[PDB]
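Single chain ahead, written as structure tokens, the form deposited in one PDB entry.
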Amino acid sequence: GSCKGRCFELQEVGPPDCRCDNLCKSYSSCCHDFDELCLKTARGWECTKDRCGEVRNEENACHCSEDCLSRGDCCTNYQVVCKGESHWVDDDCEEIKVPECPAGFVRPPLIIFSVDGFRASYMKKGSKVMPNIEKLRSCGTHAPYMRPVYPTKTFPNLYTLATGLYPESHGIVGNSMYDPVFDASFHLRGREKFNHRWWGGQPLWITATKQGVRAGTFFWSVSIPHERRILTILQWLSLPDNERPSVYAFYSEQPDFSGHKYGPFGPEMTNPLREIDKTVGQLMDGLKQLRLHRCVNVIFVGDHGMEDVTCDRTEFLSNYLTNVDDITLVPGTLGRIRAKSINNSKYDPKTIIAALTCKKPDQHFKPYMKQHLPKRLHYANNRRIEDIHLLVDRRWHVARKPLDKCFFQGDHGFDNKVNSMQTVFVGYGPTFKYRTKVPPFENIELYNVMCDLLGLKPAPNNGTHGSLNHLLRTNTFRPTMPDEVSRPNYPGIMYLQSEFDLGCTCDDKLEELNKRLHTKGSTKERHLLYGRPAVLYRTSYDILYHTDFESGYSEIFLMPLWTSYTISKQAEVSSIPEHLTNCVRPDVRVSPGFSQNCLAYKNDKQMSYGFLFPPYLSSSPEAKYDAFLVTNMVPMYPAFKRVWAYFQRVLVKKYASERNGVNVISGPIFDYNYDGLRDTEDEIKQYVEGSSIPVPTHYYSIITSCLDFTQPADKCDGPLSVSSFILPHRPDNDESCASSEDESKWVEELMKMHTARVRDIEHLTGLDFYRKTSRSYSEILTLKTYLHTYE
């Protein structure tokens, strides 16, 4: 019942026995003498020349005695002050070609140095403020920034780091949550947050444990001084082979604390950053003392950034809603609304959304049903995420009532593509590359890398395994392209016009002349630059060849899965000729029975149609007739045709003109259960009236060009440049508050908000892109995880 030679033990003492571990303070279950024995502060955390070869005084926080190395409780600067050795930071970068570990080390250890609220742009303050962190950054592998997950909050991002899952999957969807199944709230006070029922996925410490790799406790009670956390990690590294963990985590509440008080641009931010660097200095001096400075892989990583947010910049729901007493709000840098009571009949989600939609000119939040949020946020598929969500503008709060100098000048939680929310990544050690810069990447990718660093098999996660192989000197995972599951058909012109009764009309009116205009020819070479997309699910689809485009037409969904076409820089935009306005032509390659019918579209009062290949970019008047084929048409709300018509008529030409040509792949997405995955036939909930033509929830486009823009898109030798979108197929433009104005004022704004990774589309379509390129597969995986942020 005491903490004698037990302080910060890795042992798990069950209740009611008093504990001496990292978390005993947080549980409030420590032994009476924990505070005196384990929270020693006597003489601080640094050796001085006077202390060198001192008699061991056990009341001292750390020791400068001759026995301290064998005991493994020397102050981190003992060798420097007493044995005339240099600080790690004062040493030149020396490449770590192989891990230099003591015999008995079966793998290089990993230390995750996690810093709360560390904005990417803090790194610009340089070696003046942070010499130790700047040496790690410059000697090791670093990204300009790392993208957090939404919401850009502490627990959701820390747990994403540990699991490689989106919050919707791992279950920590906020710092605050209500679970209707549990009928309980997740809060930070007391024992609730320790209940395992909240925590999904498989965190790194459990992955390690389950594969026979010992993990040190990632969590630290705030009571434990940072200096003690570093010494405790270093103590654990000195344990014998059978006890010594391979994976460790350090956590700092800084620079988050000061960020909230002073804001991210305050000169007061310098002192927190100096102290963080000092703590990093103690770790690296500590590792060098143990001769583990060329053995251990160190990850310096933040959970999220920090924005300027004052209490003056608060939207109040009481200015929109006639009854705010009938709702519960999760307030601040995001809004989540649910009904307060059940007896209450006044609450109605549709009325609330209407009341919160474009009511004030400068409105600093936007209401969404969670299924209508940008798909890149992946924030819908969890019963803990309220149906009604408010996306708050950066620098702003949303609160229920006015009554709810400011105390705070900094906050986070905003859209994860916001610059101020971006955080840091640095990898240093034998397994990371030497003096290497890598492109920015998403925090969901780190779990796979940390598994690779530790020789662990990752649990299933939202990382793209291989996409970060370019961070590592050595890779124990080689990615393999997935096997195509469905082989395409190549149907010839076979059906007579008399066989078609689709109720479609066109102003049309040499059989083998029709055929040669719809043969392979050079179509694939011109319009499919990166090879045919692979269909990774069981289905029946047809490859259709045209002068201007190639399509994979689904005989199940009665529309293309993808439409591929190349627009040269020099391409000319034409109109839809008046005589072809309402033209839809039967496709004599495809059975009447596996075609859409124009009768469906007339009976559906709310539903019109568009085309995947745009008639506007036809190579000739002749070729334009191919664009009006029933196999090129898709269901579109008149409201959405405004967006799509502008994209096709104006923006594709624009992108082609800016990027020295563009390859475009467009098609439908079905995600009615908003799980971010391709719907099966059963899961599709809307069809065109009196038909089996399924209505897409979204329309995607993948726009590819040469990264070397001095080479045209169709003659690119090296890396590719991609931007993609997943546009919500909405029957209104309520999302766009300026949609009253010309399309030039709002459509591109809407598209930028729904920017997507190629991976996002692959999940939502069951397609695999970029299968025929001159690029390594690991390079292609990085390309597929890229997001164009427009920030």
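Whichever C-alpha set is largest while still superposing within 1.5 Å between the two forms counts as the rigid core. We number the residues from 1 along the sequence you see.
The form deposited in another entry exists for this protein as well; it is not shown, and the discussion that follows is about that form.
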Margin query: After a rigid core superposition, would you say the CA of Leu39 moves by 2 angstroms or more between the shown form and the other one, or not?
Written below: yes
Notebook entry, point to check: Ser26: CA shift of at least 2 Å between the shown form and the other one after core fit?
Noted result: yes
Checklist line | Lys784: Cα shift of 2 Å or greater between the shown form and the other one (core-aligned) | finding: no
